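Notes for the structure review
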Amino acid sequence: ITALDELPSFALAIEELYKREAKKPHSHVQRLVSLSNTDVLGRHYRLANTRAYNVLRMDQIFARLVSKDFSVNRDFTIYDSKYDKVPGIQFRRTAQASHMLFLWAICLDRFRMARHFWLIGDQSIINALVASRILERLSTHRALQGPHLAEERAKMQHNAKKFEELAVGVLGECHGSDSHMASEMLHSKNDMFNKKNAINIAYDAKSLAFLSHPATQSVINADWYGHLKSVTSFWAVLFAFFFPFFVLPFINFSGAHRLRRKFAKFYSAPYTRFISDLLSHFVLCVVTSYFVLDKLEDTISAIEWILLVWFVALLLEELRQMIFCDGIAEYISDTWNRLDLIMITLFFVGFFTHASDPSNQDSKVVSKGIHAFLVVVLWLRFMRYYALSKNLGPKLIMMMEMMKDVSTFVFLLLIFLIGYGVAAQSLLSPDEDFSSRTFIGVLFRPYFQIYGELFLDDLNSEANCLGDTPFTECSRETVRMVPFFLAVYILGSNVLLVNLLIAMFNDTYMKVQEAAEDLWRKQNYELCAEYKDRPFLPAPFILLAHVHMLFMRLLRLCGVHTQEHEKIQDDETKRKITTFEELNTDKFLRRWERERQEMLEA
Amino acid sequence: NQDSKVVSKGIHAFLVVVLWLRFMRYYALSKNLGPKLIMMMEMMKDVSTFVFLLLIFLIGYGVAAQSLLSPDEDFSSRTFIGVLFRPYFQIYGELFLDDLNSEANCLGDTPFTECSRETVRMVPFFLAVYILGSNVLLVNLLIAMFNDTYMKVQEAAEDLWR
Amino acid sequence: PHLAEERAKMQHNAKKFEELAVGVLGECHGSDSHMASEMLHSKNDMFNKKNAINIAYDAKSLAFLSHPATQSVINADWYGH
Ligand SMILES: CC(C)CCC[C@@H](C)[C@H]1CC[C@H]2[C@@H]3CC=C4C[C@@H](O)CC[C@]4(C)[C@H]3CC[C@]12C
Ligand SMILES: CC(C)CCC[C@@H](C)[C@H]1CC[C@H]2[C@@H]3CC=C4C[C@@H](O)CC[C@]4(C)[C@H]3CC[C@]12C
Ligand SMILES: CC(C)CCC[C@@H](C)[C@H]1CC[C@H]2[C@@H]3CC=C4C[C@@H](O)CC[C@]4(C)[C@H]3CC[C@]12C
Ligand SMILES: CC(C)CCC[C@@H](C)[C@H]1CC[C@H]2[C@@H]3CC=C4C[C@@H](O)CC[C@]4(C)[C@H]3CC[C@]12C
Ligand SMILES: CC(C)CCC[C@@H](C)[C@H]1CC[C@H]2[C@@H]3CC=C4C[C@@H](O)CC[C@]4(C)[C@H]3CC[C@]12C
Ligand SMILES: CC(C)CCC[C@@H](C)[C@H]1CC[C@H]2[C@@H]3CC=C4C[C@@H](O)CC[C@]4(C)[C@H]3CC[C@]12C
Ligand SMILES: [Ca+2]
Ligand SMILES: [Ca+2]
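Residues numbered from 1 in each chain as written, not as in the entry; some residues may be left out. Chains lettered and ligands numbered in written order. Part of a larger assembly, values for the part shown. Heavy atoms only, no water. Residues with missing side-chain atoms left out of burial classes, pairs and counts.

All names here are of chain A. Tracing the backbone shows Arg381 in the loop between α19 (361–378) and α20 (392–428). There is a polar contact of 3.0 Å between the side chain of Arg381 and the side chain of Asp340. The residues touching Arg381, leaving out its near neighbours within four places in the chain, are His281, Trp336, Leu339, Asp340 and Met343. (Helix = DSSP H or I, 4+ residues; strand = E, 2+ residues; numbered from the N terminus. Polar contact = N/O pair within 3.5 Å; in protein donor to acceptor, adjacent residues only side chain to side chain. Contact = heavy atoms within 4.5 Å.)

What follows is the structure in structure tokens.
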């Protein structure tokens, strides 16, 4: 194989170190290779046993374990002597040797060795986050799980937290040095990290302490506003979306080609697509609520054709979100896309129920009676545009956390409710046969006694007692116990359970309010990413943008005349980012070393 | 003219709402009324985001209740009264379930039976959900908002009171 | 870009100057309350003929005005003569 033949002799020395590590008994390395089920070249195809510890198969079993779809750029052609007259190729080959010895020291979980190889290499934040996710995922692996593997997994998780702290401190020193150079650092896509930016590496690291740093939040807000400067508020961008032609020479951003490039820089922002998607969903909900409150005629109205083409455009948007998805399991795991599935499905049930017989009034009121369930569902999709607020977001995430404590509150009152309901339907009306009205006598009247309108005059009317004080001179002696079970059901419900929740909600708030802030900031990166991903046209026209995307895909696939240009980073600019990161890496290390000898105990 | 007199008293009602809101200012020299009044003006932002969280629950169950209570009817200002008036007072205690029995046109003994339509009965069920959410989730959440907002900025209310 | 660490250390120096005058007026309240009340109503001639409570208002520091000696000067100005 030409891939194993192209590796030089120091990669054979690292493979000899892997053979010496796998020559130890009860090794997790040989159990990790033995449960990898990959080929000797590195692909998962499910002689070769002798060279099974080569460094390319190690890089493939790291890149399968750390995330999905990584492939590092192992440029092994820089070790030739024909390219040895370059001024910076010795630092590049020291960087490749430090990266493979760093991955060897992460694989043997030797912390001081990996700290020294992380010191002498560059791109320390990205390598520390890949090592932190690699030691996060090595503890959850089945090959590294066993009887005697628990203390090594706990010390290796302590080493994962030790690598998690230091890159957050190095980016804190980068924010203390220069914020603009750190913002130029974090948008630089690494060539050895499969042409991805480091925020995407931080997302695949999935560490919430990295994304709650304010420098990464400033990089996310600068990517939110785009090429436009961030002096505008929400009402200024809303007035610019209301008046495009009267505000775009008046706005401060960045003869007619410069104004066309300023308008193309304005409409490529994700926050403009957020305002356009929120206005399109607000116009949907208002025009759909006006469709529900209007009386349906004998013929098909034009507003039903507008909502049919509108929701067919949302069905094409859901098919674009499913076809260009990042996995089909992640599409189901979004709550809002499942609400969009319930939205499109109940609109097809309501459209087929209205268009089965347009002259019948009974099919019209069955269609409006299911459209009532839809317009309950359509205002529950409007939570999603509350997530970019500073106040609505973590309280909405906290409410979706808080729903489990109401569900166990419902599971605790339910048996009180049905026990006093079967006692009240026994004592209110016995000597009667069993029907659906007996189920109405069990569940309807007790449920609304915990909310305030206990129906005690209605129990006086159903009790058949003709006294002045209302439970006297009754037809039966055994009916009077009604108020007494009420006196107990109401007491328990409005004193115990209702109050308990209050104490549940105080404790649940004071536990996970900061986890709601961190999951709100991770929702922040995801939204920015999703509304950077979404095209700029709103819903009514999104079918014309999907037709233009299908025409561009048909021109790229069949005619093959499509082309695109990408921005290439300069080598001196990336060398300035590398020397800025090396000056901060060293600075943070030294300060930590000054701060580590500044505590009491040492 | 008596009509100009009742228009003038009907705007003077808005004034005499405003004239007792100027009487907070002489509560600021008290040792007890002052920081709690400053804390109430701080606390108004958490009620405004509580109003911004219930509002879409309110208008969604209001457009569902005005759909199911009276369809086959034309659109008017009474349709807006059927969306916003009756749901808003169900979170305060007087749910109008006998009035929904009278507007539901059902002549049963137990009040939602023998109705003119099969599709009207879902009314109590959306209520069973709107009332649950409003008087269990949001109403309670605020309580936890007000405890956390008190325990954050009570000493900033003392310093801004001084 | 490079002014942030000097601005943070200079804000630390602003808090270091904010603590010491509150402690000096605490030592003035520990020495004599009547002489500190005669001190705080004295308008400085080099500070545009203004009293030091107005200088503290233009400083706008809430830790100075939450001291009880300044609150006693404010209550003595409330009751007047
Ligand atoms: C089932 C899942 C999708 C939940 C969605 C709720 C909607 C689509 C369903 C749930 C219960 C359904 C109702 C159940 C019973 C009846 C009575 C029948 O004579 C006419 C249809 C009608 C009035 C149904 C209309 C559609 C309905 C409201
Ligand atoms: C612990 C709590 C949440 C239990 C949940 C309440 C459920 C089980 C009860 C409470 C009130 C009930 C509704 C009250 C009245 C009617 C009208 C009639 O057509 C029978 C069904 C229907 C629509 C009931 C369905 C079931 C119902 C919604
Ligand atoms: C042990 C638990 C259940 C509490 C004990 C309470 C019992 C013993 C009491 C409380 C209130 C009482 C009722 C109050 C009044 C009347 C009306 C009378 O004409 C017949 C007995 C009857 C219906 C009583 C039966 C016993 C009763 C239910
Ligand atoms: C608008 C700002 C100053 C808020 C102050 C509220 C007062 C001044 C305003 C707000 C709404 C107004 C009312 C709106 C509508 C009508 C009906 C009209 O046939 C007579 C006047 C009357 C009854 C108005 C009287 C004045 C009024 C009550
Ligand atoms: C989330 C909450 C605070 C929403 C605010 C409630 C507003 C939108 C609703 C609630 C009750 C409503 C009022 C109820 C009844 C009437 C009488 C009639 O003349 C129509 C207008 C008027 C006066 C409504 C105006 C709008 C109103 C005040
Ligand atoms: C998935 C969510 C919506 C909860 C599911 C609840 C649905 C399936 C249930 C709960 C209560 C049910 C209603 C209770 C009673 C009746 C009266 C009957 O004559 C027609 C059906 C109808 C009107 C039911 C329709 C379906 C219904 C609304
Ligand atoms: Ca280095
Ligand atoms: Ca979607």
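Another point: the interface of chain B and chain A. Reports often express the size of an interface as the amount of accessible area lost when the parts come together. Taken together, the contact pairs 50 residues of chain B with 44 residues of chain A. Among the secondary structure elements, those contributing two or more residues to the side of chain B that touches chain A are α2 (33–69), α3 (77–88) and α5 (123–161) of chain B. Considering every element that reaches the side of chain B that touches chain A, the biggest residue donor is α5(B), with 20 residues. Of the residues contributing to the side of chain B that touches chain A, the split by class is 31 nonpolar, 12 polar and seven charged. (Nonpolar A, V, L, I, M, F, W, Y, C, P; charged D, E, K, R; others polar.)

Here the focus is the state of the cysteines. Note on terminology: disulfide describes a covalent bond linking the sulfur atoms of two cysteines. Residue A:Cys465 pairs covalently with A:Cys474 via a disulfide, S to S 2.0 Å. Handedness here is read from the sign of the S-S torsion; for A:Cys465 and A:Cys474, about 110°, the answer is right-handed. Between the sulfur atoms of B:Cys106 and its disulfide mate B:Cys115 the distance is 2.0 Å. The disulfide joining B:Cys106 to B:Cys115 has a torsion of about 110° about its S-S bond and is therefore right-handed. (Disulfide = S-S within 2.5 Å.)

Our next topic: the packing of helix α15 (residues 270–293) of chain A against helix α23 (residues 482–533) of chain A. Residues and elements named next belong to chain A. Contact geometry of α15 with α23 gives a least axis separation of 8 Å together with a crossing angle of 85°. For the element pair α15 / α23, the angle class is roughly perpendicular. In this structure, α15 uses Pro270, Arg273 and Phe274 to contact α23, whose residues at the interface are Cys528, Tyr531 and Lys532. For the contact of α15 with α23, a count of residues per class yields four nonpolar, no polar and two charged. (Axes fitted to C-alpha atoms, helices over the stretch in contact; angles between N-to-C directions. Parallel < 35°, antiparallel > 145°, perpendicular 65-115°, else oblique.)

On to the UniProt feature "transmembrane region" (unreviewed entry) in chain A. All names here are of chain A. UniProt annotation of "transmembrane region" (unreviewed entry) refers to residues 233–251, 271–293, 299–316, 336–355, 370–388, 409–428, 484–505 and 536–555 when read in the numbering used here. Measuring from the first to the last C-alpha atom of residues 409–428 gives 27 Å, for a span that is 100% helix and 0% strand. For the annotated span residues 536–555, helix accounts for 70% and strand for 0% of the residues, and the straight-line distance between the end C-alpha atoms is 21 Å. (UniProt positions renumbered as here; feature names shortened; annotations may be inferred.)

Residue and element names in this part refer to chain A. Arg74 is the salt-bridge partner of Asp59, the closest N and O atoms lying 2.6 Å from each other. Of this pair, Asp59 sits in helix α4 (residues 55–66) while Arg74 is found in the loop between α4 and α5 (89–107), placing the two residues 15 residues apart along the sequence. Taking the shortest distance from any N to any O, the salt bridge between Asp507 and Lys511 comes out at 3.5 Å. Highlighted residues: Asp507 and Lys511, both in helix α23, separated by four residues, approximately one helical turn. (Salt bridge = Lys/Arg side-chain N within 4 Å of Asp/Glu carboxyl O.)

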